[PDB]
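By letter and in written order, the chains are A, B, C, D, E, F, G, H and I; residue numbering begins at 1 in each of them.
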């Protein structure tokens, strides 16, 4: 038989900072690098997918996960915590579709997912998520890119970096980003900014990349990755 | 149970000198159809007590499961205490009434027979919760035909032997086969004594049909 | 009949680039008329209207609870509601009460924002949406309204021609119904203007 | 609807018709009323089509988990008890007459009959459904003690053919099933394959 | 095997080396209590527990460490007797629910698995503490045969040919290994079960003890019963004779 | 309402009418009765119109949630079990009669689901008001392993039989052909009935209606 | 020091300190003696007073016609446990129409007292009881403790300075079985006298006796009712 | 830090033992049982002369035959007295009779150790009542007096004193009380002991007095009626 | 469908005096047209000063008596007192009203002695309303006994009578005569009459045979 705690584990420090969220932001910082770029024509999400032992089956578990026909997710930090956030995002997208009969807007999904992330920073006997989320989507003739951090806040981005050396990524992205980029050119800079902190030569099994446009969100096949990966397309 | 499906008819019971005897036919009638012609309606509760039930047979199997377990659970302890015939009857009175008050009753009419402390016990339980003690008991159509025959002999002789009580029941079961449409000529004889509970197998009452010729 | 207790009739019609919605104004219990000025058509977003016909309580209750969900939708999302979105919102609201429904048959009429396209639909008491390109009717004199709309309606109609069509389709159908009448209000919805007219009708 | 299960030495023989009616119209003239629960356990369905199918799937789920947990082949008595516990607890809500017949390596061929009441009893043969009421005379007269497998197949096929002949709710096609240690073998007797019995004519 | 500045206070807390100390301290409670033995023969299982008499004022047959879970299942407990009776009641209820659902008597291999899951459920949370009791289960059937199982405070169940739990379980197991219990009849086994108990028992450290033995096999037709007074005195006479 | 489904060599052909009635009066002339479940399974609907829509949308929502978690195409048996267990739980109060049909990795599977919760697996099934007329066409002209165009002709004749004979059915014939590689959703397959165009125009002249009060509100 | 706060916390030795701390509560309360013969079960209890001006505490409680108890420790925990014992006896008589056996009732106490000793936030019942009862098996004397473990005893005494009473009952244990009702009560109070110091002894104001058996139901004797039992005493040894 | 139901090495609960320490801070109350009736006396303890003396009522009636004096935390007492007043009316409704003083005291004693954290109702107690009560009334057995404490140990008393100077007042009551005294002597004696232990001098507005007798109902002594017994200083 | 109630008959009578209380009832238990048993007394003793009677549905009678017996002990444990006749009568009123919407098909008559030592008889209805009276008859033959009780005991409708107080010897004769008259006309009353006498000494029981047909 079990009971369940009713008291919050995340509390305010004498300085005025929520200590558990501060350390949750440190968990994502030590995770695998992930980048997202909006290019007006479409959104591109790329992440480091290092299997390390080669005995691992690469195609079995994916880091880039689809939520609906036009929305996808990429993360940095802990795997198990992200997987729960995928299922919750997938469920919230379906609940919206049953009521309004319209595909969920990207900004509207993020607001609902961030509310769940806020809940775990205030509810009894639970720790915050150690995951920062990258949400991409296409609606109203416009591409979207959002960031959802452990606290429950959300930011709209043109281009952003996560995981290890994210500060080095963000400084590299602002030099590399342009207005009115092409979707196929956006994949080039996304796979290049990930190579800034990688060290062990990139193969089509080493990274995972997903694109989102007017046709919808889909994960790129290893054959499509191999074409882009050999320095040039 | 709101509507009974497979039902058993009359159950007899009469106490003699040094024990009680209970009899019931092995028939489970489905409305007018006699579907199951070989089912046990009389059970052994423990070592001194026995039970015979009328009405819905599916409801009886549930009581066979509960009372069966209650005896087993008591025998696990082995503290020297056992359920008396009066205790089983008192439980059954309280259990049938409880489900009556819930508006979901067990469609049953029981005859409790037992022998403890040198005393013979015979109890009756309705589906509503009506209970009493009687020297002779009969259920269903037995209360209309077999009971008058039981009360007649007990008026002349209150204390009967094991042989006299046995042939009395066999005489009552013959009449029940003549005038009850849901009865069958295959019954079990269950008897409690100081030695224990004993139930005999298939037994048929001999019937006379000589009155079929003397119409004209 | 539960629907025939208070009476009422609601009609919607399609034109070229305009939508028209008309309803009777009678509020009465069974046979006795009570109020001449009763609102049945409710604004939902400058260029989208809903007309409710059936039980007078459920007409007002649904309109209030739909406005409750409308404003929250327009605050969470930085956009005005779509006609298809509202249709599904009414369908969801009514189906929540499946085994105890609001005795009213909603009719939505209005133009699609940003895309200027006309839209009309009608729903059941339990919330079953159906889209048409011609007309949708609800009320006690449903059969009377069908007979007028099947003969008068034309494919492409201008705001002035659509007004004359929906007005005559209501007036004549209402005059054959005992529980409906006492004036007919018409809302003609255009991209530039909303024209509201109260027609001269029989007061018996 | 007519369902039948006869027990022999090596196992059991099951038989059922294929007609399911909603009033006077036949919704399905080729219904499979012999539902498998386990490897050697089968059941016969009669009554409400929605009720019989829902309980059968529930017992398959309950016994399936039971067989793995005990790490032994399931008993026929165990499978019949799971039908008993559902038909008795919800006797006022369900309209079902299930005959459970199968084989286990402990006891062998077994036939259990669970009617609408919710009771359970083991029988040598069991008949159920609306069409069974027409063959109570035939089965009682033709049944011989100690019949072989091939004799039980003929015994079930003849009784079903006579029931489908008279009953309006019964008809269609005969579906047979034989279960033993070797496994389960099923055969279907078609329109011309049905045992013909002469029609009374002057 | 020392760290205790935290890590050992809650059962839902792991230690740096990866150990749950709350379960281990409950295993210390069963080591402090007297030895409970039970061996499996060719045609059944015989139990034997040394019951330490704390005071001569207590009646003969008080504080029973032998329980009847089912009419065919026996139970021999060791450790804290408070938790022992509660685990017996849960086992009795589990055996009761099996007969109510399926009809036949519960197999011991399934019964031991179901109760061990209940024992393990108390080793996961901070709201509840693990049982400070280890117990043995034994039954005999015509199809299943002789079976013996043991469940420890953590919730681990294993089959045994001969098992002992208590004070000197290591000293007891060395004496069981000498016995050929795979060939021996359970009637001669009772003498050997009582023998090991007397050897294991400490006279200079502990006070006077009372012997309790149990049947479950072909001789008792499958039913778990207490050893009759005729055989119990015969077993005690055999054990005291070879004490020299 | 006349809905039907058939199993041919390559896949499944599903058929439906377009008439939706309120009592004994036609409410909708063109109504979609073939419903989307998954990119490989479609389901026809009959009985209560609101109950058919909401039950379909919930199963389609659950299977999309199911297919994304598994990472592969959903099965017809999964669609069947979800509809079977839900309708049984409500004891037939949700009046939804559904003809389920789709193509799996196992093959083509067709189901007929009743509001009470009973399901039947058959090569051909008919449900609705004009199901009696539609079944008679199948019981006369159906043959195992038939061609795609031959199966399309078989269902269209079955739906038409329910259209002309049954008063509950009418207007257009909708077809849905699902195979192993191709999915054809023919919305208007056949239009056997049409309105006899009005030769007498009843167009109301501008200013024939009397107006009491007028108010104009400008918009952006 | 760090393990003696909750019942859920185990000691490295393999002990629960909170249960052991609850055992000390029984030692704080005044002594009571419980003994049985072959036909009768007698409870003799010593009463304590906060002041000479205040009346003495109730030490013997009535549970049923055949079952009675004498409590030692916490008063509120005693009455709470007594209400459970009263209800269980009433439930058996309501259903089975027979007096509930003592062996059954004591087992029910060992089931209820076990629950709080294993759950967080809950505490053990800080009261020790001596249960006297008569059934089909004869007279019974049972001992229940803060720990769910219960004892079936020939004669037992628990409370403050109960060691002196415990030694006396051991030396005369063989005499109780063939002892009659009158003398068997004298044995109970004689053990209770040994607990008290040399100067003070038994009086009509501080002695309660509860007798149950074959002849009579459970009855509690108070002030003037206890005088026939006190008159005819052996007097205190030096 | 420990729980509310924690046992000491001595063998008693901390929260109960600390509740007894809370009474030693409250005002002193003296009750005397006599064959002619039971009297109850208490000091009001007025902090400021601006406060109304009639507002402080430490003696309150439960029924027409039972009165009670309270000490310690006055706020906690008003909850216990309210429970006692309901229990007497619940017994009157069911049995058509008046409860004995012992029965009423036992009913309040049931709510003694009804406190805890886990396995309790949302509206359950967290701490014991830090109140000593003196139930004094007349029933079928005559005039009776009972004393109750936080532990729930209720006992009959001939003369009992509880409060700040309870230990000093108890020794003074032992030297005066006997079995054959009168009610007028019991009233006279209680005033002499009370004026010795009080910080301020005895006055009619300073103290509160009430008597219960077999003749007539519970009577509260008014300012004028006190003057007859106050004049005997 | 299913009826939870059944009519079992039986008539219970009680007369109060100055120092005694008589409660009497027939021993017949029947259903429809058949007799279940000939030995089933409706009068039952609760305490040394109280005897209760039950008529109507026997299933409710058996359960209610066991509820009172359980409540008698619960009062005895808490209050340390034997429950008085007036307190039991007040308690039964609340027990019968707790089952207001599912009432007991039961007619109770409590007869015993009050606090002073005088005869007291309380009459109950199926719902709980009660009053104290000198005499009351309830059951199947209640309409047969009452008019004779109104005449002989109440001294009604007669002009010049001395008004003699009730005595035990005359009241015992009055009970035996009315049940003989009830057995001749009411089919539910017969077999044997059991009389319970509540005095300051104790409880007396006497059995007198009746018409068995």
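The working rule: a residue touches a chain if its C-beta (ideal position, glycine included) is under 8 Å from a C-beta of that chain, and two chains touch if they have at least 3 such contacts.
Both subunit F and subunit H are touched by no common chain. If you average the Cα atoms of subunit B and of subunit E, the two centres end up 44 Å apart. Mean C-alpha positions place subunit B and subunit H at a centre distance of 65 Å. Annotation: 58 Å between the Cα-based centres of subunit C and subunit D.
For the pair subunit A and subunit H, the distance between C-alpha centroids works out to 69 Å.
Among all residues of subunit B, those that touch two or more other chains are 2, 77, 94. Touching of two or more other chains is recorded for no residue of subunit I. Annotation for subunit E: residues touching 2 or more other chains are 127-128. The complete set of chain-chain contacts reads A-C, A-E, A-F, B-D, B-E, B-G, B-I, C-F, D-E, D-F, E-G, G-H, G-I, H-I.
If you check the complex, the residues on subunit B that touch subunit D are 1-6, 28, 30, 33, 35-36, 39, 56-58, 61-62. Contacts from subunit B toward subunit G in the complex involve residues 77, 79-81, 83-84, 86-87, 90-91, 94.
Across the complex, subunit G meets subunit E through its residues 2-3, 7-16, 107, 110-111, 113-114, 117-120, 147-149, 151-156, 166, 169-170, 173. Contact residues on subunit D toward subunit E in their complex (touch as defined above): 69-71, 75, 77-78, 81-82, 85, 106.
The touching residues of subunit I, counted against subunit G in their complex, run 66, 69-70, 73-74, 76-77.
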